[PDB]
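**Student:** What follows is a structure written as structure tokens; I'll ask about it next.
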Amino acid sequence: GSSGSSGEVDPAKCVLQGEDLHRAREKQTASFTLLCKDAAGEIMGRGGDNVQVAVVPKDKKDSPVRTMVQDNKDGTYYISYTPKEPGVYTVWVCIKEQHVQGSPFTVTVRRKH
């Protein structure tokens with residue numbers, strides 16, 4: 001659609017999509033969309049990128065967190081994670097060995113009712 005990327009995807013230009021991305025619930029499945037933009041900071045509408053997703057509790061380090069990643073190769077990635085214990089966590093989102101904008105970030109998980 002009358003579009004033309006600069007050359008490749010840029011992590012510093014990439015962004016995250018989703019409401020209350022910094023708020024999760026204990027034993028809950030939180031998913032968000034990862035938009036891929038080029039060096040021009042515009043939609044590239046392509047895939048073939050290396051996305052790295054990993055969540056770790058700010059409390060412990062040897063205790064990882066369940067995560068999921070379903071590559072689409074269309075322009076939007078599908079990431080999902082579910083905390084096992086309440087508290088604070090650190091979501092790691094980087095592409096091509098590079099931390100994207102507003103990332104990594106923190107996540108305050110609450111206790112289930």
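Here, A, B, ... name the chains of the structure tokens in the order displayed, residue numbers run from 1 inside each chain, and ligands are numbered from 1 in the same displayed order.
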Do you know which residues are at most 8 Å from range 24-26 of chain A counting only C-alpha atoms, after dropping those on the same chain fewer than 2 positions away, and could you put them as a compact mmCIF listing (two decimals) with N, CA and C atoms, in the first residue's frame?
**Tutor:**
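Produced file selection28.txt, reproduced below:
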```txt
# COMPACT_ATOMS: atom_id res chain seq x y z
N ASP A 20 -3.20 -1.45 30.23
CA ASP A 20 -2.63 -1.81 31.53
C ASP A 20 -1.51 -2.82 31.37
N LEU A 21 -0.54 -2.50 30.51
CA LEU A 21 0.59 -3.38 30.26
C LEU A 21 1.46 -3.51 31.51
N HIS A 22 1.28 -2.59 32.45
CA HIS A 22 2.05 -2.60 33.69
C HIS A 22 1.19 -3.06 34.86
N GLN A 28 -2.79 -15.25 36.18
CA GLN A 28 -3.59 -14.71 35.08
C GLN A 28 -2.80 -14.72 33.77
N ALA A 30 -1.82 -12.78 30.66
CA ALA A 30 -1.76 -11.45 30.05
C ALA A 30 -1.05 -11.51 28.70
N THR A 82 2.08 -15.70 32.24
CA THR A 82 1.22 -15.91 33.40
C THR A 82 2.06 -16.07 34.67
N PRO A 83 1.94 -15.10 35.59
CA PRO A 83 2.67 -15.11 36.86
C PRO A 83 2.17 -16.19 37.80
N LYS A 84 3.10 -16.86 38.48
CA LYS A 84 2.75 -17.92 39.42
C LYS A 84 2.58 -17.37 40.83
N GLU A 85 3.24 -16.25 41.10
CA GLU A 85 3.16 -15.61 42.41
C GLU A 85 3.01 -14.10 42.28
N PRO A 86 2.26 -13.50 43.21
CA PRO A 86 2.02 -12.05 43.22
C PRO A 86 3.27 -11.26 43.57
N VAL A 107 6.19 -4.96 36.07
CA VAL A 107 4.81 -5.43 36.11
C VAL A 107 4.38 -5.77 37.53
N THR A 108 3.37 -5.06 38.02
CA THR A 108 2.87 -5.28 39.37
C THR A 108 1.72 -6.28 39.37
N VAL A 109 2.01 -7.51 39.76
CA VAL A 109 1.00 -8.56 39.80
C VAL A 109 0.28 -8.58 41.15
N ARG A 110 -1.05 -8.62 41.11
CA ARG A 110 -1.85 -8.64 42.33
C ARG A 110 -2.26 -10.06 42.69
N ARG A 111 -2.92 -10.21 43.83
CA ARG A 111 -3.36 -11.53 44.29
C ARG A 111 -4.77 -11.83 43.77
N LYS A 112 -4.97 -13.07 43.33
CA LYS A 112 -6.27 -13.50 42.82
C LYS A 112 -7.31 -13.54 43.93
```
**Student:** List as a PDB file with C-alpha atoms, in the first residue's frame the protein and nucleic acid residues near range 57-72 of chain A, meaning an atom at most 10 Å away when only C-alpha atoms are counted, but skip any in the same chain fewer than 6 places from it.
**Tutor:**
```
ATOM      1  CA  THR A  29      -2.881 -14.847  31.346  1.00  0.00           C
ATOM      2  CA  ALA A  30      -1.757 -11.454  30.049  1.00  0.00           C
ATOM      3  CA  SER A  31      -1.151 -10.968  26.325  1.00  0.00           C
ATOM      4  CA  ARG A  46       6.692  -7.374   7.558  1.00  0.00           C
ATOM      5  CA  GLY A  47       8.161 -10.085   9.765  1.00  0.00           C
ATOM      6  CA  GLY A  48      11.302 -12.193   9.826  1.00  0.00           C
ATOM      7  CA  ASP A  49      12.450 -10.596  13.073  1.00  0.00           C
ATOM      8  CA  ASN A  50      14.054 -12.049  16.202  1.00  0.00           C
ATOM      9  CA  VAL A  51      11.854 -11.262  19.204  1.00  0.00           C
ATOM     10  CA  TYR A  78       1.772 -12.555  19.949  1.00  0.00           C
ATOM     11  CA  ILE A  79       3.288 -12.763  23.430  1.00  0.00           C
ATOM     12  CA  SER A  80       1.624 -14.196  26.535  1.00  0.00           C
ATOM     13  CA  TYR A  81       2.749 -14.711  30.132  1.00  0.00           C
ATOM     14  CA  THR A  82       1.225 -15.907  33.405  1.00  0.00           C
ATOM     15  CA  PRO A  83       2.669 -15.109  36.858  1.00  0.00           C
ATOM     16  CA  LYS A  84       2.749 -17.922  39.417  1.00  0.00           C
ATOM     17  CA  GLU A  85       3.161 -15.614  42.412  1.00  0.00           C
ATOM     18  CA  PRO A  86       2.016 -12.054  43.225  1.00  0.00           C
ATOM     19  CA  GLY A  87       4.447  -9.151  43.418  1.00  0.00           C
ATOM     20  CA  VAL A  88       6.660  -7.326  40.931  1.00  0.00           C
ATOM     21  CA  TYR A  89       8.152  -8.714  37.721  1.00  0.00           C
ATOM     22  CA  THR A  90      10.430  -7.494  34.932  1.00  0.00           C
ATOM     23  CA  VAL A  91       9.399  -8.101  31.321  1.00  0.00           C
ATOM     24  CA  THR A 106       8.023  -3.534  35.370  1.00  0.00           C
ATOM     25  CA  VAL A 107       4.812  -5.434  36.108  1.00  0.00           C
TER      26      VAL A 107
END
```
**Student:** Go through A:75, A:53, A:42, A:2 one by one, measure the shortest atom-to-atom distance of each to residue 97 in chain A using only C-alpha atoms, and give the residue with the smallest value.
**Tutor:**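 Smallest distance to residue 97 in chain A is found for A:53.
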**Student:** Using only C-alpha atoms, determine which residues lie at most 9 Å from residue 17 in chain A, disregarding the query and same-chain residues fewer than 4 positions distant; provide the list as number ranges by chain.
**Tutor:** A: 21, 32-35
**Student:** Go through chain A and collect every residue that DSSP, computed from the backbone, puts in strand (DSSP E or B); the answer should be as a PyMOL selection string.
**Tutor:** chain A and resi 9+15-17+23-25+30-35+37-38+43+51-57+66-70+76-82+87-95+99+105-110
**Student:** Figure out the distance between CA of residue 27 in chain A and CA of residue 95 in chain A, please, to one decimal in Å.
**Tutor:**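 One can read the CA of residue 95 in chain A to CA of residue 27 in chain A distance as 27.1 Å.
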